[PDB]
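For reference, the structure discussed in these notes is given below.
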Amino acid sequence: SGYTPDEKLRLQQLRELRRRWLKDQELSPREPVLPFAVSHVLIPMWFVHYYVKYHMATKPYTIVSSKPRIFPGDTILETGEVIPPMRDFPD
Amino acid sequence: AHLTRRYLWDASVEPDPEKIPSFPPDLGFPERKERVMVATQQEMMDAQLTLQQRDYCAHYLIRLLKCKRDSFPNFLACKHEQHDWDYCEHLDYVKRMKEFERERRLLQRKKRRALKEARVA
Amino acid sequence: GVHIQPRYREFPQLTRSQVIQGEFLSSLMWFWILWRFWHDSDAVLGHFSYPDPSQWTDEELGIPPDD
Amino acid sequence: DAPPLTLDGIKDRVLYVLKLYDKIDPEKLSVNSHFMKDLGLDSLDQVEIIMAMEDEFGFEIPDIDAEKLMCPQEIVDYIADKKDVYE
Amino acid sequence: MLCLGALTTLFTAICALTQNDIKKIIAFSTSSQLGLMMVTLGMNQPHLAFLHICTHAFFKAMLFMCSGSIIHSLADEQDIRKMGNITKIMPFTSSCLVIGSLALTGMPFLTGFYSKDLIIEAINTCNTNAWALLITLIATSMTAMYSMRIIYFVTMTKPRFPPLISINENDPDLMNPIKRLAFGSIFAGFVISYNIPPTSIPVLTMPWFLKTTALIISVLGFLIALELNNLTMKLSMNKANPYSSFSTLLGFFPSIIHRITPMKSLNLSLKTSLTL
Amino acid sequence: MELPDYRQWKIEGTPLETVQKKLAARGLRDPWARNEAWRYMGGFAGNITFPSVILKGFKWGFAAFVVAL
Amino acid sequence: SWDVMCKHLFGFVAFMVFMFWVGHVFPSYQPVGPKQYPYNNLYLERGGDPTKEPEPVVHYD
Amino acid sequence: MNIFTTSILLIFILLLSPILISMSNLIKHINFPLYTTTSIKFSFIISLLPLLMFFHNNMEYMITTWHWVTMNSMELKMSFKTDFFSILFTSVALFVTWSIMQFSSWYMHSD
Amino acid sequence: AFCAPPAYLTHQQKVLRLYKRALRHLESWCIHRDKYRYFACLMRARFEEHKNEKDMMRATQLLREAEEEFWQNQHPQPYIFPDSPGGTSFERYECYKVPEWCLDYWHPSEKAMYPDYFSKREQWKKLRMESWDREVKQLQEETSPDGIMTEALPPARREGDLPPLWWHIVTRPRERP
Amino acid sequence: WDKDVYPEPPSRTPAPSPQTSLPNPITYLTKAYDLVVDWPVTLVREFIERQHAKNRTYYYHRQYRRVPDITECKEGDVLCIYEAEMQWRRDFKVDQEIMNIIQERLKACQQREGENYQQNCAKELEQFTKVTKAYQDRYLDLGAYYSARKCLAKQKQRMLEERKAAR
Amino acid sequence: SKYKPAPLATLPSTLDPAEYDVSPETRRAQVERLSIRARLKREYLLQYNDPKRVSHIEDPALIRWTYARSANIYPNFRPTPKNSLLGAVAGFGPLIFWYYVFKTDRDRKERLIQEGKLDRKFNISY
Ligand SMILES: [Zn+2]
């Protein structure tokens, strides 16, 4: 085949114009003429705490927790009791 | 391979997993003593052991968990406690294997004895 | 061309850091695999030996004397 | 990431590849030199050439427009026009 | 779910073996691993299933961004076919890729190993579908295979990328995160397993073949994949077997169930429910 | 950006040469080989073995292990 | 070809579904007897009624 | 231990902070990719604090922050559980997210 | 994409467009370059023979059995380039290819900056309106003599004139902004 | 909150028993939280409440006298019945927040007693049926047009049954 | 084997006999159709590329489509069989199906509630 001698000129010429358009698209110098964790960690934190220790905590059943784990022989701080030591492991 | 025996060659000799103690404990065992649970039903309930984990090894577990809360920053030091628990359990898996083998054999007893009585008459 | 320049039909030149960081991550992988294998070799073996279910004296299981 | 092409860097690669095709003499390849009437290659060798270029520059020349990349230059502006190189 | 998790594991893994898109292969691996995760939930082992979720996140994230590095560094080539010898051209990602690949294949003492083999041996020890048990294990060997497919084609082969080469991974924003996750991929399984609360009462007592099955199947999975890949370069043309098609075009679920349903669901609205 | 001399590339010394010799028995000769030469030509010339990738860094890794041990 | 597709896909589906059935028929289960839980199979803790004691389920050595 | 509750509520507030910065005109002036990457980084550290708590003590927490509707018998409320599944996953997810945002800045550069 | 589609296809373009589909679908089965550069010069042989068949009937009987050999020996996942139709990046960047007639509704503030840009844009728009007449007339004076019309457009053929209908092949959204 | 309407069990906590030389990373942090997060806040809060106590005001809880119920209310007398459908629609809610509390009191008793919920938390669930079997027996079949006349009938359809079955 | 076009997965261009047709007529249509499309193409391309235009290019081929599809339907309706049988199975068929699906369920439910079996436990809402 091969380009037709009258299509290798409509691509000859239109490519020449595309090259000028893209040159014109180029921006001149000056073209664009225009005319610290404490910040998000600490400040947000104080607020949250304010909320969690003075609303949630205060209201009923808002922050509930699985009972603490108590094993044999470990003391209960609040009541003072000492969990009996378990039956001796024979083996 | 137990399966190959049960599914390929024989059907009665091999026992069914759904009913492992197909036979009463007394058989071939005069006054066999039952397993003894060391931990207190309360001890477990206070150590918040998951129901499943309340095995006959619950007692060595509570120990592990003890040494895991204590020794907190160090998660690599309650190692003897884990061996123990595991052992207790390996020593339980083995039991559960001994019970299965005992059943197996006992059911065989039935077969062989069936023939024993099947003696020509 | 910025940073490292391109290489037409040639082995791209490599920066000191690219090679060292790459050997670093891989070598730590191998140090960790070797360190744990030595300290804790129960990945393949297992620390509990399977019992041979076929060596349990019939007394052990309650297999009554046939008859 | 990589640097953009140029109308003389898209021409040195196109001549480079072709100079490595054994049939095309490397001393009679000139950009204004037609593949089939001046260099001697057949029709099947145009497909093979274009394909090399499609693999040197990493894109596919549409057949309907690839059926005509005859001059060893049409290839150099078509590739560039398709890639927006205004030099 | 044990059953469907099992079918997806192999179905997705088999599809991954022939896929030629790097991102696609990793995605299929995302689905398979979750198929294994579905299997453990199906065998009522919830805690370990969660353990794999965490370990799965570290390595799969690595491999994707690893390929992100390869795709961006190359001229946006997303096909393993044109990408080769990244190991010498880009050791930093290749090192990260193999670290991730071995974690995916459950290399001993890496994050996959702490959680994955627990799941494997769980299967080998529970009462389960025989078909599910067999497919999950070969699914594990395939995970090694496609893992092998990626490194052989992407990393250990003569380069086949386009001729101009412009590769840079020096940017801190590439390395740093890849470096940070790599540290997680190397040490996370160690840390998470010891720290979590004792749960599930695992069965560590097994015949040794079952205890080491995950390790061996993974090893021969790569072994078998290696050989086939090598045989490929022998000037002996090898075309597809009947199944290769059912493997490369995703089991044909996409070709058939995506053209019939959207066609017979829209035809009925326009032609029947709307106009009639 | 200059470009390496086209002449530099040659098929001998690379796997293309063995493909070149057989195609030749058949009488055929592929003309585009030289283009596909830089793949095997240099830098990327060394064969990469699968153990080499899996074992990258093992040498120091074990060296590090011994010391720590 | 489309037919080839429809048949193959569904064949796979069926074979699988079937094999899964062959499976349920012949399951894989280790040589292990049943697990043994303490008390009365944790009757009370499984939430059983505290007042009504259950038929003891004992486990021997 | 409020330190626990506050931490679980705080991760959400810290991560929401990038979202409203883009709502206001402020993001044009600071760098959004760098700022977002840092805050997820801080969220991961904040997530670590409950994770250590759980491990030390293995205890959970149901947090009912805000009520939305009584709807008669079925009251609806916004509740975050802090069971082992939730906090373990929260830490793993943010680490991956912290990794990806930095990767995102390199990958989508020029977008 | 640029040149216009021919009405019917010749014998050649059908054969020579298989040589592409074939060789390119042979690099999806044969990935390694060597195996390929081998298994492919063997392909040409297939096309090289049966090149001089003068018996059209035969030729169109080798072609019709070639494209069925090929259809059944094709790769399901071939190697299609990244940016070509069916590819992985096809039309990816099109979300950024705005059509350029949109800078005409910009607020006088926006266009205030970027000043020289619009000084050159107003030149080009003068070029476009300055020739529509000579163009359309050309397009017409050179119309077909009541014959087959193709989608081909004429070149300029006179100085100062701009190729007829050139405003959208030129001034077209950049490929990868 | 009324420790008695929203109960809450006494707390039992195992005492600190460290067995490691390493320093707990939690205790140190808290020591900070207590200084850099709590003290700062604590200070502000108080200052809030003293601002409140200066002009302390009060708000009471409307107590509604009890009017005559539909059971006793002339037929057709829209006045009396209107005052008596409200007295019920009012107790349709007071009898609904009660059920809201049992929905809640329970939820807590299964978060506070995990892994024991099966047992320890059965003081409530016995109540959640002692209260649900009642709410079901006085307010459930009714349409969206719930009215005291219809509860009067929902009941009285069944008072036959507690009289036909008995007989 | 041989590709087998189905209403979906149609016969490709290649593998299609008519493509391999070079009868004078076919090459007379194939060149007579480009003309229609070239003609239409050169009626879109010098009206869209027209400076000095603000009006909306209409694409009347799309306006003939919508009119054909929502305003030329009932003027071309003739009630036949295969149209009214099929025009009643579609409107009343499922509408009668679900009635015996919902009646039977609602009746099963009611019976069970009446006899005292339905648990309706912890259901305090509806
Ligand atoms: Zn970039």
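Lettering and numbering for the structure tokens are positional, with chains as A, B, ... in the shown order, residues counted from 1 in each chain, and ligands counted from 1 in the shown order.
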
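For stretch 56-63 of chain B, the list of residues within 7 Å, based on only C-alpha atoms and with local chain neighbours fewer than 4 positions off taken out, reads residues 71 of chain A; 37, 38, 39, 47, 67, 81, 84, 85, 88 and 89 of chain B; 38 of chain G.
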
Can you write out as a Markdown table which residues of chain D fall within 12 Å of ligand 1, alongside each residue's closest atom pair and its distance in Å to one decimal, counting only C-alpha atoms and all ligand atoms and ordering rows by chain and ascending residue number?
| residue | atom | partner | partner_atom_place_in_ligand_line | distance |
| --- | --- | --- | --- | --- |
| D:1 | CA | ligand 1 | 1 (Zn) | 4.9 |
| D:2 | CA | ligand 1 | 1 (Zn) | 8.7 |
| D:3 | CA | ligand 1 | 1 (Zn) | 11.2 |

What residues in chain E lie within 12 Å of chain B, counting only C-alpha atoms, written as number ranges by chain? E: 44-45, 47, 125-127, 130, 190-207

Within 12 Å of residue E:124, counting only C-alpha atoms, which residues show up once you throw out same-chain ones fewer than 3 positions away? Write them as a PyMOL selection string, please. (chain E and resi 40+43+117-121+127-130+132-137+203-214) or (chain G and resi 27-31)

Could you write out as a JSON list (two decimals) with C-alpha atoms, in the first residue's frame the residues of chain K within 10 Å of chain G, counting only C-alpha atoms?
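Written file, result13.json:
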[["chain", "number", "residue", "atom", "x", "y", "z"],
["K", 1, "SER", "CA", -13.16, -28.66, 16.38],
["K", 2, "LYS", "CA", -14.99, -25.76, 14.79],
["K", 3, "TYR", "CA", -16.02, -22.52, 16.44],
["K", 4, "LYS", "CA", -19.74, -22.44, 16.77],
["K", 5, "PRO", "CA", -21.32, -19.08, 16.91],
["K", 6, "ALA", "CA", -24.21, -18.84, 19.28],
["K", 7, "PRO", "CA", -26.54, -15.89, 19.48],
["K", 8, "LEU", "CA", -23.80, -14.83, 21.85],
["K", 9, "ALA", "CA", -20.15, -15.60, 21.17],
["K", 10, "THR", "CA", -20.95, -14.86, 17.49],
["K", 11, "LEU", "CA", -18.91, -15.99, 14.44]]

Interface list for chain I, partner chain D, 10 Å threshold, only C-alpha atoms, as JSON, numbers by chain: {"I": [1, 2, 3, 4, 5, 6, 12, 13, 15, 16, 17, 18, 19, 20, 23, 24, 44, 47, 48, 51, 80, 81, 82, 83, 84, 85, 173, 174, 175, 176]}

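Interatomic distance, atom CA of residue E:146 to atom CA of residue E:80: 12.0 Å.
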
Just how far from atom CA of residue I:63 is atom CA of residue F:33, in Å to one decimal?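 Atom CA of residue F:33 sits 28.1 Å away from atom CA of residue I:63.
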
For the contact check between chain H and chain A, emit one row per residue of chain H within 7 Å, containing the shortest atom pair and the distance in Å rounded to one decimal, counting only C-alpha atoms, chain then rising number order, as CSV.
residue,atom,partner,partner_atom,distance
H:2,CA,A:53,CA,7.0
H:6,CA,A:49,CA,6.0
H:10,CA,A:48,CA,6.7
H:14,CA,A:40,CA,6.9
H:59,CA,A:66,CA,5.4
H:60,CA,A:66,CA,5.3
H:61,CA,A:65,CA,4.6
H:62,CA,A:64,CA,5.6
H:63,CA,A:63,CA,5.0
H:64,CA,A:62,CA,5.0

One number please: atom CA of residue C:67 to atom CA of residue G:32, in Å, one decimal.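 Atom CA of residue C:67 sits 26.8 Å away from atom CA of residue G:32.
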
Among chain H, which ones does DSSP assign to strand (DSSP E) (computed from the backbone)? Answer as a list in words. residues 61, 62, 63, 64, 65, 66, 67, 68, 69, 76, 77, 78, 79, 80 and 81 of chain H

Close residues, residue A:32 itself excluded, 10 Å, only C-alpha atoms, min 4 positions apart in chain, as an mmCIF file with C-alpha atoms, in the first residue's frame:
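Result went into around01.cif, see below:
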data_model
loop_
_atom_site.group_PDB
_atom_site.id
_atom_site.type_symbol
_atom_site.label_atom_id
_atom_site.label_comp_id
_atom_site.auth_asym_id
_atom_site.auth_seq_id
_atom_site.Cartn_x
_atom_site.Cartn_y
_atom_site.Cartn_z
ATOM 1 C CA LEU A 27 3.416 28.138 29.495
ATOM 2 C CA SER A 28 5.414 31.333 29.389
ATOM 3 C CA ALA I 112 -6.555 36.735 33.967
ATOM 4 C CA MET I 113 -3.672 34.635 35.081
ATOM 5 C CA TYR I 114 -2.171 32.402 32.431
ATOM 6 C CA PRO I 115 -2.223 35.637 30.289
ATOM 7 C CA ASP I 116 -0.011 34.833 27.253
ATOM 8 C CA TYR I 117 -1.740 31.448 27.039
#

So which residues of chain I fall under alpha helix (DSSP H) by DSSP, listed as an MDAnalysis selection string? chainID I and resid 11:16 18:24 33:48 56:72 115:141

Write down, as an MDAnalysis selection string, each residue of chain D that has any atom within 8 Å of an atom of chain F, counting only C-alpha atoms. chainID D and resid 16:17 19:23

C-alpha atoms of the current selection, written as a PDB file, in the first residue's frame:
ATOM      1  CA  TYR D  16      18.779   1.862  15.418  1.00  0.00           C
ATOM      2  CA  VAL D  17      16.392  -1.002  15.284  1.00  0.00           C
ATOM      3  CA  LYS D  19      20.109  -1.131  11.387  1.00  0.00           C
ATOM      4  CA  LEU D  20      19.947  -4.321  13.376  1.00  0.00           C
ATOM      5  CA  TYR D  21      17.640  -6.057  10.836  1.00  0.00           C
ATOM      6  CA  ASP D  22      19.943  -8.162   8.745  1.00  0.00           C
ATOM      7  CA  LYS D  23      18.207  -7.666   5.425  1.00  0.00           C
TER       8      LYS D  23
END

Measuring between only C-alpha atoms, which one of E:148, E:6, E:217, E:123 shows the shortest distance to chain F?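 Nearest to chain F: E:148.
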